Amino acid sequence: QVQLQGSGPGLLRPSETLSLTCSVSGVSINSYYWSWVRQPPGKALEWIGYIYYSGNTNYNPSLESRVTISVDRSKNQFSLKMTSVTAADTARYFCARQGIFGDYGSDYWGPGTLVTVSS
Amino acid sequence: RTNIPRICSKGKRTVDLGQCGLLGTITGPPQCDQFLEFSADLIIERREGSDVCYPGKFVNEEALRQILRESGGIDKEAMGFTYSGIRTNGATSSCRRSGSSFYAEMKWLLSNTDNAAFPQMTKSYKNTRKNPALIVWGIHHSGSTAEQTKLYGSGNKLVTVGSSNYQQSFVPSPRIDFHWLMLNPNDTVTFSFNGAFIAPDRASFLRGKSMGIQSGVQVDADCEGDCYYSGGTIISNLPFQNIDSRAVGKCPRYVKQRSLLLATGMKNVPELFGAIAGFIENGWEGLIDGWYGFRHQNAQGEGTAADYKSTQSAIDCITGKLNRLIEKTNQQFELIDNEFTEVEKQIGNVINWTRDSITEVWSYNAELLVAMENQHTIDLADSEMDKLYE
Amino acid sequence: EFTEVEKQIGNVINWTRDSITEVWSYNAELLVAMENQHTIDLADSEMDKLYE
Amino acid sequence: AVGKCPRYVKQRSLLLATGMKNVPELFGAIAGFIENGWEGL
Amino acid sequence: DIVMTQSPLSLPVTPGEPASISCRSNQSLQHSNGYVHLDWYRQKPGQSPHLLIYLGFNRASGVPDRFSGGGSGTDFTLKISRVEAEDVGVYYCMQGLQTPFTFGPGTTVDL
Ligand SMILES: *[C@@H]1O[C@H](CO)[C@@H](O)[C@H](O)[C@H]1NC(C)=O
Ligand SMILES: *[C@@H]1O[C@H](CO)[C@@H](O)[C@H](O)[C@H]1NC(C)=O
Ligand SMILES: *[C@@H]1O[C@H](CO)[C@@H](O)[C@H](O)[C@H]1NC(C)=O
Ligand SMILES: *[C@@H]1O[C@H](CO)[C@@H](O)[C@H](O)[C@H]1NC(C)=O
């Protein structure tokens, strides 16, 4: 039973590079490969893309050039970096693992890192 | 005939299992904790090494040992299974490591409480890396209906696996057997269990090309490790042996003969071309020219000379023949048969019959080769005598 | 080749094929070598008979 | 190979010397009192 | 990109009744193993969701017996035996046969 936890800046101006981080316990990014997802304000849940613990990445074709996921194997946390942030990128980022990749144990959605574009 | 009764393997990587077994090093028993994730070109498995601590045997066993000889070491890739909603620790009294400790890289999947239902978790893993994956799993036979009902609950138990090349089904028999599998890249190795399933924790991957050893002598790295046998290391340029027909590595050809000596020198008569025993009656000692010579005796200038011109060409011919034949082949034999745990009797009889016939033809080839090369050397040296005479 | 045999009989078959490969390769090397020597002797012997 | 087939070897190409010894410009007196051959034959 | 269609939209269900929500795909969902790759997550409003059904039609670990969504081919239907207080949730139908891992518009179930 792993425990997921997310953190990052909330009030963020548009266009510049976004920072995000996410801490996990138990598996320690040593066995299963996690991923990131994006939930626009009360809209349709989207799948950013998966990252192998080894490092191989596979983001959603919809948005690929503006999104990069951090492996961060040594530390027990995986981070997310989004470029070209927009009012459309305003969202409630969730940090998790999913059934269908090979593990059949729930999902352990991490807490929502609500983000805003403000001015 | 002479062997070095130590595993003399300096310069290339070596692992001494000792009490560890090579079928152990996938499972992770208490005797292989430091060799669970080894990486070397040598495996030394000993007679005293037991591959399991709980009682049981490997199904499809000798083939799996022959694969793990040719591994180059093992890079255990951590399989991403979690097993949520059931108990994971299943340590038994048979294995001793700081008290109760089961295999490190498998898990005895056991119910949370005794005499309860086992959820039918049907696990699955995909080989993302571009390499074949050695996937292992174990099935715990109960031994009685009481232990089955206590551990995994009542009712019949059905465990199945599934791949693109493996869809073969199991049932427990009312004492753990392990069953291996080749997993292709971009393929999925889907399990499906209803209890009595020793679930794996990490996946095995090959590294390179190792060539293993089955012996009882200790390791002492001082030599180059070319060819090995069941009681040490034999290293030589000689193309044939007599010690053991089951030598694994870059090993000479076993013969039935005691010791076939090649007559690398000429025919000698002490005090087949013509006149080897003719007008030149006997050989004479007072001459230092090699494996040929032209000794001299005069009447005015008495003394011994040496015709180096044809002699050195003759020695170059004999030494070129020597370097041609003593040149050993590049073929790499493997360990087909086993001496610690015996193979099935019919396949073993086929193996011994094939091996004995191979030693028959190699021994006859060696005897005929020595005979024809002895005749070649004698006829050659007689031919240089004749061309000197003309 | 299309669908592999089971591994024990497969290794027995491959070991047998490699051993027969060694036997035929070594016999071919011997045959080539001594038949090259026989051609040399069968080129030289009648030249010696011409000479005598 | 399946059928009435040649015998497999490990060698790249073995060549049988159908011709005699060449000395361009094992039996007794090969290239002896005569030195070399001549192409005009 | 596999558009996943959720049926229907909302369920103003009354307490203690069987409630079934379906989700069809324009591509038949069937993994090589034979275990269809499809899930039935449920997001608690303003919070982290929870998977309720996994691997097509299989009771998920630590999930109440009422939830037993079935289905076949390309159309799978999550079913619930009774309606309770915790039932309220926007249900999402995850695919998983291919990448992208598409979800659903959601099903806002309420009393
Ligand atoms: C395995 O599948 C991935 C994804 O389609 C592909 O990129 C990769 O080339 C495949 N592996 C091989 C060996 O073709
Ligand atoms: C094969 O021969 C070895 C020794 O030559 C012997 O120990 C072994 O038992 C034989 N195999 C069988 C199946 O009898
Ligand atoms: C036998 O050898 C061939 C190549 O020499 C190889 O392709 C085949 O896989 C081997 N058989 C087994 C059972 O490994
Ligand atoms: C399903 O519909 C979408 C909508 O355009 C299309 O892109 C996709 O290719 C379709 N999939 C199949 C399997 O027809």
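Chains as they are written, first to last, in the authors' numbering: chain D, 1 to 119; chain A, 35 to 208, 220 to 316, 323 to 441; chain B, 390 to 441; chain F, 292 to 316, 323 to 338; chain V, 1 to 111.
We put the CB at the ideal spot given by N, CA and C, even for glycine.
- Query: Does the beta-carbon distance from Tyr137 (chain A) to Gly62 (chain A) come in below 8 Å?
  - Reply: Residue 137 (chain A) sits at position 103 when you count from the first residue of the second sequence. Residue 62 (chain A) sits at position 28 when you count from the first residue of the second sequence. Contact: yes.
- Message: Based on DSSP bridge pairs, tell me the residues matched to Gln397 (chain A).
- Response: Taking the first residue of the second sequence as 1, we reach residue 397 (chain A) at position 346. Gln397 (chain A) is not bridged by DSSP to any residue.
- Task: Using a Cβ cut-off of 8 Å (strictly closer), state whether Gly329 (chain F) contacts chain A.
- Result: Taking the first residue of the fourth sequence as position 1, residue 329 (chain F) is located at position 32. With 8 Å as the cut-off, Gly329 (chain F) counts as an interface residue toward chain A.
- Check your reading: residues with Cβ closer than 6 Å to ligand 4 heavy atoms: With 6 Å as the limit, the residues whose C-beta approaches any heavy atom of ligand 4 more closely are V:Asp1, V:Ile2, V:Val3, V:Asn26 and V:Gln27, in sequence along the chain.
- Query: Between the Cα of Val293 (chain A) and the Cα atoms of A:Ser73, A:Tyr440, A:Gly45 and A:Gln100, which residue gives the shortest distance?
  - Reply: The count along the second sequence starts at 1 and reaches residue 293 (chain A) at position 248. For the residues A:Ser73, A:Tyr440, A:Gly45 and A:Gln100, the minimum Cα distance to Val293 (chain A) belongs to A:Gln100.
- Taking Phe78 (chain D) as the reference, give the member of D:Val117, D:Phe94 and D:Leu45 with the closest Cα. Residue mapping note: residue 78 (chain D) aligns to position 78 of the first sequence, counting from 1. When each option's Cα is compared against that of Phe78 (chain D), the closest is D:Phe94.
- Task: Note down the Cα distance separating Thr5 (chain V) from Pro49 (chain V), rounded to an integer number of angstroms.
- Result: Taking the first residue of the fifth sequence as 1, we reach residue 5 (chain V) at position 5. Taking the first residue of the fifth sequence as 1, we reach residue 49 (chain V) at position 49. Computed Cα separation, rounded: 19 Å.
- Task: Evaluate contact between the segment 64-84 of chain D and the segment 22-35 of chain V, counting only Cβ atoms and requiring at least three cross-stretch pairs below 8 Å.
- Result: Segments in contact, no.
- Roughly how many angstroms lie between the CA atoms of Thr147 (chain A) and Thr116 (chain A), to the nearest whole one? For the purposes of this step, residue 147 (chain A) is taken as residue 113 along the second sequence, with counting starting at 1. For the purposes of this step, residue 116 (chain A) is taken as residue 82 along the second sequence, with counting starting at 1. When rounded, the distance between both Cα atoms is 19 Å.
- Item | Close Cβ partners of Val2 (chain D) (< 7 Å) along its chain, the five nearest in sequence each way excluded | Working through the first sequence from its first residue, we reach residue 2 (chain D) at position 2. Result list for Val2 (chain D): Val24, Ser25, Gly26, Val27 and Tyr108, in chain order.
- Item | Cutoff 8 Å: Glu441 (chain A) Cβ touching any chain F Cβ | Taking the first residue of the second sequence as 1, we reach residue 441 (chain A) at position 390. By this cut-off, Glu441 (chain A) is an interface position.
- Query: Could you give the distance in angstroms between the alpha-carbon of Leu376 (chain A) and the alpha-carbon of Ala422 (chain A)?
  - Reply: The count along the second sequence starts at 1 and reaches residue 376 (chain A) at position 325. The count along the second sequence starts at 1 and reaches residue 422 (chain A) at position 371. So the alpha carbons of these two residues sit roughly 14 Å apart.
- Taking 8 Å as the cut-off, decide whether the C-beta atoms of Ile409 (chain A) and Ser408 (chain B) are in contact. Against the second sequence, residue 409 (chain A) aligns to sequence position 358. Against the third sequence, residue 408 (chain B) aligns to sequence position 19. It is a contact, given that the beta carbons lie within the stated cut-off.
- Item | The beta strand (DSSP E) enclosing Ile243 (chain A), as first and last residue numbers | The residue labelled residue 243 (chain A) in the question sits at position 198 within the second sequence. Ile243 (chain A): member of the beta strand (DSSP E) spanning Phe242 to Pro245, first to last residue.
- Message: Assuming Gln363 (chain A) is part of the alpha helix (DSSP H), what are its boundary residues?
- Response: Here residue 363 (chain A) refers to the residue found at position 312 of the second sequence. Secondary structure note for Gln363 (chain A): its alpha helix (DSSP H) is the uninterrupted segment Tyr359 to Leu376.
- Apart from the five residues on each side of it in sequence, which residues of its chain come closer than 7 Å, Cβ to Cβ, to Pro9 (chain D)? In the first sequence, residue 9 (chain D) corresponds to position 9, counting from 1. Closer than 7 Å at the Cβ level, and outside the excluded window around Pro9 (chain D), lie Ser19.
- 8 Å Cβ cutoff, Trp404 (chain B) in contact with chain A: Sequence index remark: in the third sequence, residue 404 (chain B) carries index 15 (1-based). The beta carbon of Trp404 (chain B) falls within 8 Å of a beta carbon belonging to chain A, placing the residue at that interface.
- Measure the C-alpha to C-alpha separation of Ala328 (chain F) and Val314 (chain F) and round it to an integer number of angstroms. On the fourth sequence, position 31 is the one that residue 328 (chain F) refers to. On the fourth sequence, position 23 is the one that residue 314 (chain F) refers to. About 8 Å.
- Just the Cα atoms here: how many angstroms apart are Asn416 (chain A) and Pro284 (chain A)? In the second sequence, the residue the question calls residue 416 (chain A) occupies position 365. In the second sequence, the residue the question calls residue 284 (chain A) occupies position 239. If you take the alpha carbons of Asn416 (chain A) and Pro284 (chain A), they lie about 12 Å apart.
- Task: Give a yes or no on whether the minimum CB-CB distance between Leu323 (chain F) and chain B is below 8 Å.
- Result: Taking the fourth sequence and counting its residues from 1, the one referred to as residue 323 (chain F) is at position 26. Closer than 8 Å to the CB of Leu323 (chain F) there is at least one CB belonging to chain B.
- Query: How would you label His37 (chain V), buried or exposed, when you count the other beta carbons within 10 angstroms and need 16 or more for buried?
  - Reply: Indexing the fifth sequence from 1 puts residue 37 (chain V) at position 37. It counts as buried.
- Item | Expected contact under 8 Å - CB spacing of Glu79 (chain A) and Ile258 (chain A) to nearest Å | In the second sequence, counting from the first residue as 1, residue 79 (chain A) sits at position 45. In the second sequence, counting from the first residue as 1, residue 258 (chain A) sits at position 213. Contact flag correct, Cβ pair sits at about 7 Å.
- Item | Short CB-CB distance (under 8 Å) between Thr107 (chain V) and chain D | Counting from one through the fifth sequence, the residue named residue 107 (chain V) turns up at place 107. Chain D, which has no Cβ nearer than 8 Å to the Cβ of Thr107 (chain V), makes this no.
- Query: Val300 (chain A): beta carbon under 7 Å from a heavy atom of ligand 2?
  - Reply: Against the second sequence, residue 300 (chain A) aligns to sequence position 255. The answer is no for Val300 (chain A).
- Message: Strictly under 8 Å for the Cβ-Cβ distance: is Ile69 (chain D) near chain V by that measure?
- Response: For the purposes of this step, residue 69 (chain D) is taken as the residue at position 69 of the first sequence. By this cut-off, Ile69 (chain D) is not an interface position.
- Can you tell me the Cα-Cα spacing of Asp430 (chain A) and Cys54 (chain A), whole angstroms? To locate residue 430 (chain A), count along the second sequence from 1; it is residue 379. To locate residue 54 (chain A), count along the second sequence from 1; it is residue 20. Near 58 Å, if we compare the C-alpha coordinates of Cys54 (chain A) and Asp430 (chain A).
- Query: Given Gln383 (chain A), which residues of its chain have a CB within under 8 Å of its CB, disregarding the five upstream and five downstream residues?
  - Reply: Reading the second sequence from its first residue, position 332 is the one you call residue 383 (chain A). The beta carbon of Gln383 (chain A) sits closer than 8 Å to those of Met256, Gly294 and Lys295, all from its chain and outside the five residues before and after it, given in chain order.
- Query: Quick one, which of A:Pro64, A:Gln182 and A:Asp75 has its alpha-carbon nearest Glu139 (chain A)'s?
  - Reply: Locating residue 139 (chain A) in the second sequence gives position 105, counting from the first residue. Selection A:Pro64, A:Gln182 and A:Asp75 evaluated against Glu139 (chain A) yields A:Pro64 as nearest (Cα-Cα).
- Query: Where does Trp34 (chain D) sit, in a helix, a strand or coil, going by DSSP?
  - Reply: Translated into the one-based positions of the first sequence, residue 34 (chain D) becomes position 34. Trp34 (chain D) falls in the coil class under three-state DSSP.
- Message: Am I right that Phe67 (chain V) and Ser22 (chain V) are in contact with their C-beta atoms under 8 Å? What's the rounded C-beta distance?
- Response: Within the fifth sequence, numbered from 1, the residue matching residue 67 (chain V) stands at position 67. Within the fifth sequence, numbered from 1, the residue matching residue 22 (chain V) stands at position 22. That pair is no contact at about 14 Å.
- Query: Among D:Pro111, D:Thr116 and D:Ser118, which one has its Cα closest to the Cα of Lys44 (chain V)?
  - Reply: As a position in the fifth sequence, residue 44 (chain V) is number 44, starting the count at 1. Ranking D:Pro111, D:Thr116 and D:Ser118 by Cα distance to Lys44 (chain V) puts D:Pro111 first.
- Query: Of all Cβ atoms in chain D, is any one closer than 8 Å to the Cβ of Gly89 (chain V)?
  - Reply: Along the fifth sequence, one-based indexing puts residue 89 (chain V) at 89. No - not a single Cβ of chain D is within 8 Å of the one on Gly89 (chain V).
- Proximal residues to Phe238 (chain A) (C-beta, below 6 Å), its chain only, five neighbours per side dropped: In the second sequence, counting from the first residue as 1, residue 238 (chain A) sits at position 193. Excluding sequence neighbours, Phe238 (chain A) sits near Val193.
- Query: Which word fits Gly310 (chain F), buried or exposed, when buried means at least 16 other C-beta atoms lie within 10 angstroms of its C-beta?
  - Reply: Mapped onto the fourth sequence, residue 310 (chain F) falls at position 19. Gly310 (chain F) comes out exposed.
- Message: At a cut-off of 7 Å, would you count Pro61 (chain D) as near ligand 1, judging by its Cβ distance to the nearest heavy atom?
- Response: Locating residue 61 (chain D) in the first sequence gives position 61, counting from the first residue. The answer is no for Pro61 (chain D).
- Task: For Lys372 (chain A), return the contacting residues in chain D, with the cut-off set at a CB-CB distance below 8 Å.
- Result: Residue mapping note: residue 372 (chain A) aligns to position 321 of the second sequence, counting from 1. Within chain D, no residue has its beta carbon less than 8 Å from that of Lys372 (chain A); the closest one is some 56 Å off.
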